[PDB]
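Participant: First the structure, then my questions, so here it is.
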There are 4 protein chains.
Amino acid sequence: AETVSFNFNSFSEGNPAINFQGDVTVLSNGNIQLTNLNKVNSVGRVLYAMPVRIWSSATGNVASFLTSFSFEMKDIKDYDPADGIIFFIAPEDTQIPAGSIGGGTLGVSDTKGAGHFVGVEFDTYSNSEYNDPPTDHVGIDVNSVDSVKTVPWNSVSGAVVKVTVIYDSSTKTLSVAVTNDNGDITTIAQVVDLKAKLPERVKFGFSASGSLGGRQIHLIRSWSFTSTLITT
Amino acid sequence: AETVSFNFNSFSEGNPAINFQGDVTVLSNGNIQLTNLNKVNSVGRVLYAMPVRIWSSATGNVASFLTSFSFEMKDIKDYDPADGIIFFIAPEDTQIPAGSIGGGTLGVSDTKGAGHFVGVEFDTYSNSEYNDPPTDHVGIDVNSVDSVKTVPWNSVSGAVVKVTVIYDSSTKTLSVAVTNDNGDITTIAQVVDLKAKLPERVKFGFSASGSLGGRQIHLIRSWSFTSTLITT
Amino acid sequence: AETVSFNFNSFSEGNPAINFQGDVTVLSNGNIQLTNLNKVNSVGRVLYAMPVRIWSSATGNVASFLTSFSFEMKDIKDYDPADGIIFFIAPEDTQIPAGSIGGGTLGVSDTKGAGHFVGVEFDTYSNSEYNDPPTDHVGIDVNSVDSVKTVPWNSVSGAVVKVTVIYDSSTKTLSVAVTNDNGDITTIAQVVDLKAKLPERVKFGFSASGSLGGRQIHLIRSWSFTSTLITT
Amino acid sequence: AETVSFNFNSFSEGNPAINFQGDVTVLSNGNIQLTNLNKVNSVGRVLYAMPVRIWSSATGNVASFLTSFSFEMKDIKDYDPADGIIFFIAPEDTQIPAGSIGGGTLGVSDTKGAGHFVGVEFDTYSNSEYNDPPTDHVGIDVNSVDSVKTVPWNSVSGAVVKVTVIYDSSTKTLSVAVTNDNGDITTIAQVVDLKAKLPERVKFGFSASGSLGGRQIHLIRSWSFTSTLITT
Ligand SMILES: OC[C@H]1O[C@@H](O[C@H]2[C@H](O)[C@@H](O)[C@@H](O)O[C@@H]2CO)[C@H](O)[C@@H](O)[C@H]1O
Ligand SMILES: OC[C@H]1O[C@@H](O[C@H]2[C@H](O)[C@@H](O)[C@@H](O)O[C@@H]2CO)[C@H](O)[C@@H](O)[C@H]1O
Ligand SMILES: OC[C@H]1O[C@@H](O[C@H]2[C@H](O)[C@@H](O)[C@@H](O)O[C@@H]2CO)[C@H](O)[C@@H](O)[C@H]1O
Ligand SMILES: OC[C@H]1O[C@@H](O[C@H]2[C@H](O)[C@@H](O)[C@H](O)O[C@@H]2CO)[C@H](O)[C@@H](O)[C@H]1O
Ligand SMILES: [Ca+2]
Ligand SMILES: [Ca+2]
Ligand SMILES: [Ca+2]
Ligand SMILES: [Ca+2]
Ligand SMILES: [Mn+2]
Ligand SMILES: [Mn+2]
Ligand SMILES: [Mn+2]
Ligand SMILES: [Mn+2]
């Protein structure tokens, strides 16, 4: 089997294993801050630096993965706690969209909310333009921030959220388990064919954005990941 | 919502939160040992004492849950490493089948592999009487040890194995991820309607068994669980 | 060259290849539990029965060795997780000190912390009488529990810890590598002249101790060893 | 803590984590073959694709690392079993030396035997130009194939060799334990200040070479690695 595994309990500036795109900063405590509270339409992205081969054209196999991470979103005076975080998977050449407006685009889509990526979002602002449900919600995104499926949720300022995602290559099922600070769990599952929506080599990371009036603290506290491809 | 959660870093035989059934024994190190090594057709099962309401006959809601556990399987000289461990769900009045042959029935089914349980087995002995794959495998069992679906795996004697399970109510999908000793992960997912197969109140637990020439050490080392049922 | 080698995947009581001294016991899963959670100054030690010739009289030659073993320390309710484990080397006639106080002496020293041995400790309790550093630590002990050198570490309750030790005869260098559950690694190395400090023949093994209020689970799970002596 | 760890039980063609340089081949068995048997002065090198940050210029820390791998050298009819394998560390931009003669340079140095690397060589041919010992041997090389230190060894055609290496940051000790086929162990250790000889970012890998008369099979069967850098 072909396996890729890593575990970050904290992050540091200058580790060749991570790629920073946009407004990302490394806090003195090892946390990663995704956006700049002082910039308009801020966008920050972090990616595992090595591309992962998620499917093989040779054999036809699709990797299975298990990953877990925890984050925290915190309110700041005078700005609308917006817009959220997104765990995403994109082609190896991935970059922040050319004239990114940030905001409800979450840093992975164009103005109309389209892009090339598969991801799980934690959205804290309702964009009628992207058909967002009326409350905070978790969503499964396939090439658009106009989620294929969403589930009501509640973002608590200063709360640490823990997340678990399992991607079962055979049923092509992607399942997510979110642990609220309060103990309750939130789950959402959806069949998504990675072999059909993405190249053989991809990048994994997190993205967050803000707007002019819409700004909040976005922190990535830990991330562990493992993928296994049944080789030839 | 109605949430139930617990977590055992270690077990003990005087705790009112656990039911012991059969040859179960707790070791001084806090681990649970499910079979008796010099006992023919040994069978032992552990259950969380308190029954969990997984569905409502009032609303029609079904719970979502997240559970992870770690076990260890080790060989004993002059005995075939058999039969395996099963994480199961059953009616609150569940008992070791009357006149159980242990072995390939894993302590959950009758001689012809039937019973009332939903589970995930870690089977290390291929019983053709139950249509067993020809290698170690992980399987999804719905009221029978004749697995709805299996996946080839490898049981490594003396290694600590970690399991993560997610049940999404809305898609009714059960997905599993097993982190092996060599780092590799194994997954399996299947759609199971709990409402249709099980009663409102159930009990969760582990069961292991063996035969006359087929015995091995079956240890449960830790277990955490959280279920959430929406009451609206 | 004269080579001695062994490998244990699990230990047994009826094994004349191993010397049991003190409170040691062998669990049904094949693990060695060095202390009695019930006794007050519990002391338990295990030694490979056969004496190893680590140096020659004829040629001032010292042997090189490579060894690896895994262990597990776990907390018990109402007792301070103390005192730690020690991999040691000593005279072939070695025995637990007379009227041993367990505790910070780790079952190898007298009350002032002196004895005849060379070892590597995994000290989880800070004894100022022995000038211990203020945190969990790994240490190099030369005839005293007042370490020649120490490095900060972290003992995780219920975690399997793996270690690898290399002793290089020309450099007279002793180095160790510890793999935490975390994936992180801790190392320590020190020049120790085995021929000036220990007799021609020795016995290798482990020891662990407890006190009145200070007690925890101390387990040895596996051990492989190889030593080679050039006789030219 | 900043950690990098990976485990290759077998190799595969197209894995983004491995860089091939020269005559390298991936066999149907997962083994890597470093040289081409039909070519004059063949050279094959394999590298972990990600640059690893071994020392930090911010803090003055050096990382410690533990690695183990196994190889196999096997004779081929009518040719002199030459020249050997080398485990090396070089600047991240490392490449096979322009116009390399293969042979005793081991694919890492120039004609005079100089280069920019740190490594452990398994040298099977005695090159008087690089002051080789008269027999097969293990040597520690610092920027030259004219080893800083060597120890006699014996290469056994078709035997699987296992090697364990520990680099302790604080003492700056590189320790190697080689396990021959006949169970005998060979050890070699040397103080090497990595922070003085190499840039902050490096690459790890293996290199093998041959000449017109000197050719043999050179296989890499597995490789596990872990390095930890104290960041604080
Ligand atoms: O207020 C948070 C949301 O703002 C929306 O953008 C605003 C911007 O904040 C503002 O100053 C104003 O001029 O109108 C824009 C549209 O309402 C973002 O589109 C949204 O994503 C949130 O961040
Ligand atoms: O607290 C654990 C440490 O105990 C120390 O011994 C104690 C003993 O535990 C206690 O209950 C009391 O009688 O005082 C003694 C002095 O601290 C040990 O010396 C130390 O090794 C730990 O086990
Ligand atoms: O015989 C193995 C060694 O060969 C040396 O190269 C030879 C070459 O093989 C031979 O045909 C003639 O060209 O002379 C050379 C010099 O003796 C290599 O230099 C050496 O490293 C081994 O491969
Ligand atoms: O061999 C392990 C395997 O045994 C099967 O039962 C055996 C039993 O070991 C033996 O005493 C008898 O002679 O034959 C039986 C049929 O092979 C079980 O069926 C199986 O589950 C395993 O435990
Ligand atoms: Ca939104
Ligand atoms: Ca079976
Ligand atoms: Ca101490
Ligand atoms: Ca040479
Ligand atoms: Mn949304
Ligand atoms: Mn089965
Ligand atoms: Mn100490
Ligand atoms: Mn040489």
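Note that the numbers count up from 1, one per residue, in the order the chain is shown.
Per the header: X-ray crystallography, 2.2 Å.
Cβ atoms here come from the backbone N, Cα and C positions, even for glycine.
Straight from Swiss-Prot, here's the annotation block:
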| type | residues | note |
| --- | --- | --- |
| BINDING | A:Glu121, A:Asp123, A:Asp132, A:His137 | Mn(2+) binding site |
| BINDING | A:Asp123, A:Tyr125, A:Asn127, A:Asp132 | Ca(2+) binding site |
Participant: Between A:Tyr125 (Ca(2+) binding site) and A:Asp132 (Mn(2+) binding site), how many Å separate their Cα atoms?
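Facilitator: Cα-Cα, rounded: 8 Å.
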Participant: Can you tell me whether DSSP puts A:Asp132 (Mn(2+) binding site) in helix, strand or coil?
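Facilitator: SS state of A:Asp132 (Mn(2+) binding site) = coil.
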Participant: From A:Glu121, A:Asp123, A:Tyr125, A:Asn127, A:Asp132, A:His137, which binding-site residues have a C-beta atom under 6 Å away from some atom of ligand 11?
Facilitator: none
Participant: Within 10 Å of the Cβ of A:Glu121 (Mn(2+) binding site), how many other Cβ atoms can be counted across all chains shown?
Facilitator: 23
Participant: Please work out which residue of A:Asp123, A:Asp132 has the most C-beta neighbours within 10 angstroms of its C-beta, and give that one of the binding-site residues.
Facilitator: A:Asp123
Participant: Of A:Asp123, A:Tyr125, A:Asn127, A:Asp132, which binding-site residues come close to ligand 9, meaning Cβ under 6 Å from one of its atoms?
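Facilitator: Within range of ligand 9: A:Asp123, A:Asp132.
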Participant: What other residues of this chain sit with their CB within 8 A of the center of the CB atoms of A:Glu121, A:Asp123, A:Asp132, A:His137, the recorded Mn(2+) site?
Facilitator: A:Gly84, A:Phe122, A:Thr124, A:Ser126, A:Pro133, A:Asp136, A:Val138, A:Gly139, A:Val145, A:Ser147, A:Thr150
Participant: Measure from the CA atom of A:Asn127 (Ca(2+) binding site) to the CA atom of A:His137 (Mn(2+) binding site) and give the result in Å, rounded to a whole number.
Facilitator: 12
Participant: In sequence order, which same-chain residues at least six apart have a C-beta under 8 angstroms from A:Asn127 (Ca(2+) binding site)?
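Facilitator: The list for A:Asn127 (Ca(2+) binding site) reads A:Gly103, A:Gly104, A:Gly113, A:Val145, given in order along the sequence.
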Participant: Determine which residues of this chain, when A:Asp123, A:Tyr125, A:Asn127, A:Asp132 are set aside, have a Cβ within 8 Å of the centroid of the Ca(2+) site's Cβ atoms, and list them as they appear in the sequence.
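Facilitator: Neighbours within 8 Å of the Cβ centroid, excluding A:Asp123, A:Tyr125, A:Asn127, A:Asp132: A:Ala82, A:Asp83, A:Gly84, A:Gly104, A:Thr124, A:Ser126, A:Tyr130, A:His137.
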Participant: If you count the C-beta atoms lying within 10 Å of each candidate's C-beta, which of the binding-site residues A:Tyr125, A:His137 ends up with the smallest number?
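Facilitator: It is A:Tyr125 that, of the binding-site residues A:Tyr125, A:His137, has the fewest other Cβ atoms within 10 Å.
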Participant: Filtering A:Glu121, A:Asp123, A:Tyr125, A:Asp132, A:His137 (binding-site residues) by proximity to ligand 1: which pass a Cβ cutoff of under 6 Å to any of its atoms?
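Facilitator: By the Cβ criterion, which requires under 6 Å to ligand 1, the hits are A:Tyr125.
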